């Protein structure tokens, strides 16, 4: 069936209403470049002009366009949702509350107003997306995500290094293996020089998810026809290439007729391209995009279902936590503190059901630092320190003095090995902070995934984070001093009593004693850190939380709920209902589609 | 060889000064009983009256009678050893110089006066022997040890424990395996009743080294007969029994000619002893004693030669130490401090040439403590002993919570292994104390063998010993704290990162971790102890010595000297000369006796 796309659209609008996350469900992301009239193509598909276009960047903020296939039957069921104004091809904004704008001039004016208000004179990066639900009968069910396009020469007033930021934003958006890359390039510049195809190949060298679009098919008269480009024989695309005659900004701003432009484009394609005319059309292009999106949804159905189940479980836990009455504050807060301490201890030991060997965090990261980081850093130093025998001879001569060399002075050895042992001090401290910082990464990590009950009340989460940070800061100097004392004992007092022959003996003693000291440090420092820092704090975390979260009335402050938090709770309950409905709908589909 | 006899006597006048007999040597020790006529027999043997008369107790201090036959050959062994003596017949004391006693009565009076002065009014026994050498043409070369006689009158100013003191003094001499016990036995009663026989059976029931001389024969003329005791039918001996008549004190005090007494004794022996008349006598007793001594010297030739050479070398080294006293206070003190520091460092290295006669070469012993003693002590403390079913059950139930336990919680295992490891603190302190005692023994070795010149100045010796001991004792607590910290660190770390069933699992894990911790502590703690104690002392010995000993107002007090030290040095020089002479005399024998 084709209800999967409407279900995804419902999920997306719910996510936007509840602060949509970066992890988005399968959607078509459009990437353009210089002289790319993406907005013109979207208007041609819609059949009316409703967005501002421009060479390269059309809107300097992310734009979410939901083309809803609202047939004549559903016109009265969708126009009546808000206000009383109704039409056949109409757009709704959720960033701007209600106020349906049937007239496209109002939509353009609102877009310009918001762009000026937010982006300002210099157009930077705005992670907040812009949502616009378009309803029309001609348009098929589709979800388009428009972002600034990669351009060698930035258009308008923007940072000269904005190209890297745009590329990183596109990579972040298409990181999930569910986005359909709609590549739009100007016929004036070869696709090889275009950056959109470069990024598409970087994320996917094969054209398994990239649809190349050739625009500006009006200037080919002054040059060469794009027939070869559409065929795509230099860099074949496994999905195909569709080209249309893009409309200039001047004509669009003059309130032109979209039907005339579509007719001219169709005639041009039919004449210049005897074969690339059946599928190179607005309706055909929209249907091809919808089919590609459906294919991607079919491919990602297992991962999509896994993500949906994870989100449903998270929201169920959030609802269960939020519904607990504040009655009996002491017992509930004590239970929450005990649960948080148990989760933290399990994460330290790795027994918590949120971290595995695949993911580096908590105990796993500490073990990696102790074994690989610290061990490899210590091993990086050569046993002799890389000093040539000439240096050893010079040191021996300097220490012994101007007398014949017949007895080996051990002090010379002490002068050299120490220098190497001192170099072992720096990595240890570097590791200690890496461990300390790692503890900090735990504090939020659980709250990010495990202890959402902390996120329920921001005050409680902040207080717990501050208490844990203070405990870590108090324990850091003690562990650091103990490690430094161990290093000092192993460094200052080494001794051997605990010309060529003298140099050889000194070098051998240096190597042997340095290896022994390195082994001792490797065996001791991690164990000392576990003693003073990890093991000591494991059980003490619960006691510290209990003693710091309750003096006489601190419980009320911790469990404070904000109005924004209440709104988020309501939106999350709505999201939970939507997730339950989506899971019920998906359960109808057989497992044949989950492969 | 005659020269072999006097030299041994010189040894008896040197080692006995420092205490007991350092080396067993062929010698004659006279042991008497109550109412013993030893004085008369000795006077008859000497040919003149030179000892106190009377029976029972006649001398209160160890008196040595060293008769030397006059001969030009022996002169080299007499004048060279002493400051110089030459006369016809005379007695000389090694404790006195520049005075020759040509009259034996004067010798006896001087001996009595010295004994009274040293021992005071008391008749007890003092720890100070007497040296006496008698030269005459009618005395065979023989050395005897005339110990204080037995007294049966404990009452009076003399100590009530005189018998015990006399027994201990006699034992100190006869305990040597090379000594020959001349037992003076009273013929009035059975030989066993005599104290000499009683003491003889304590360690030498065979009597292989016991030569019996029967006294108190004057009163045996009427009544009981002494023939039974003379024949040895009471306590037979393997060497023979000699009968000498006890001369009356009154007759001797009246200036009785010794020749007349000898004639009377010979007549009495002929009349009363037909079996043994010319075969028994004081001269025959002296000849038998000399024969036994010479035969024992012949038997001990190899070992005696080796020991004499070793002692000669050692005393030459001591004289070299005693050779040149301090000439410049500051320079001599600095040289002594530097030499002491070097010797201490060498001893710590376990390679110093100077070594004791009872232990290892100082620092080497310390290594042994770290190898076998400490390891065996640690292994003696088995992991089992502190675990029982009741305590294990209680710990498991407490760790699990308010519900029964059917698993193996890690907290209980960690607590139990920590408690077991805490038991390892005591062996560490034992090893540290052993190392400290070894260092004290090294200090004593340096004081007594390597720094005899330091001994000459007792103040400096005491100051150095006290300073070193105080430094070691002050470094001791720091090492103890470091080892305790190491033990505490080694027990908290968890190495697993890289009801009967539960109890058995807990016990096995505890045993494994305890063994691992024992290995780790045995590998580590010795290094820390050497760093804090061995290396630190090696580095700071000179600094501490300079800081504590070097002063501008202690040179005179530290370097005090006394004439007694000069006398002891002269005695040591005489000892060295006598040892060299004995070595030269003994080096004239063939080599077949060595194998």
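Numbers run from 1 along the shown chain.
Even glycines carry a Cβ here, placed using N, Cα and C.
From the options B:142-145, B:146-149, B:150-153, the stretch Swiss-Prot describes as region 'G3 motif' is B:146-149. Looking up the ranges B:207-210, B:211-214, B:215-218, B:219-222 in Swiss-Prot, the one annotated as region 'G4 motif' turns out to be B:215-218.
In Swiss-Prot, the region 'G5 motif' annotation falls on B:245-248 of the listed ranges B:233-236, B:237-240, B:241-244, B:245-248.
Between the stretches B:32-39, B:40-47, B:48-55, Swiss-Prot puts its region 'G1 motif' entry on B:32-39. Region 'Important for homodimerization' is the annotation Swiss-Prot gives to one range among B:513-527, B:558-572, B:573-587, and that range is B:513-527. Per Swiss-Prot, the S-nitrosocysteine annotation among the candidates B:446, B:503 falls on B:503. Reduced to three states, the DSSP call for residue B:1 (N-acetylmethionine) is coil. For residue B:503 (S-nitrosocysteine), applying a Cβ distance below 8 Å and a minimum sequence separation of six or more within one chain yields B:389, B:392, B:393, B:396. Each end of the 141-residue unmodelled stretch has a Cα atom, at residue B:498 and at residue B:499, and these lie 27 Å apart. Sequence-distant neighbours of residue B:1 (N-acetylmethionine) (same chain, six or more apart, CB under 8 Å from its CB) are B:585, B:588, listed in sequence order.
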